[PDB]
Amino acid sequence: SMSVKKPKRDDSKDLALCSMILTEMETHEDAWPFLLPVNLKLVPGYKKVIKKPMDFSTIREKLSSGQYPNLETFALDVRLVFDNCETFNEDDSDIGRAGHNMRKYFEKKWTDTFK
Numbered sequence: 002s003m004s005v006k007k008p009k010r011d012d013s014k015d016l017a018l019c020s021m022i023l024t025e026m027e028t029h030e031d032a033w034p035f036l037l038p039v040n041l042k043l044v045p046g047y048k049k050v051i052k053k054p055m056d057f058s059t060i061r062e063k064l065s066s067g068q069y070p071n072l073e074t075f076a077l078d079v080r081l082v083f084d085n086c087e088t089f090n091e092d093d094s095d096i097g098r099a100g101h102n103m104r105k106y107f108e109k110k111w112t113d114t115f116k
């Protein structure tokens with residue numbers, strides 16, 4: 002509260018470490034459904050159903066331009082990618098499997114780096 006602060010957790014490496022994680026996700030073989038924004042002109046249903054589209058290129062631009070205030074807002078956008086994938090794709094489709102694999106991969110890197 003006012004003039005009473007918890008000890009300072011060192012956040013000075015967070016930007017570099019989120020950039021490394023994002024590089025690992027970009028280069029994974031199962032990243033292909035997630036590299037670019039879904040084409041809203043060509044994919045029926047996507048625009049109306051998925052209220053907040055998100056993809057790795059969009060997260061990389063946000064990250065490079067100071068649009069994440071902290072490491073939690075970065076993790077929220079990465080999870081949004083996989084949450085959108087589960088909403089739109091059956092679990093037993095190639096894209097649905099890719100999204101489960103990538104989520105698992107991310108969450109392990111997240112825990113190992115920051116927790």
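Numbering of the sequence shown is given in this note's numbering, commencing with residue 2 and proceeding in unit increments. Using N, Cα and C, we set each Cβ at its ideal position, and we do this for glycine too.
Specify the secondary structure class of residue i as computed by DSSP and reduced to three states.
i    : result
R10  : coil
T28  : coil
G97  : helix
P34  : helix
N90  : coil
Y106 : helix
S20  : helix
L43  : coil
What is the C-beta distance between residue i and residue j, in whole angstroms, given that I count them as a contact (C-beta under 8 angstroms)?
i   : j    : result
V79 : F107 : 6 angstroms
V50 : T88  : 7 angstroms
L36 : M55  : Actually they do not touch by this definition, with Cβ atoms about 12 angstroms apart.
So, for residue i: in the same chain, excluding its five sequence neighbours on each side, which residues have a beta-carbon less than 7 angstroms away from its beta-carbon?
i   : result
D31 : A99, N102, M103
Which residues in the same chain as residue i place their Cβ atom closer than 6 angstroms to its Cβ, once the five residues preceding and following it in sequence are excluded?
i   : result
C86 : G100
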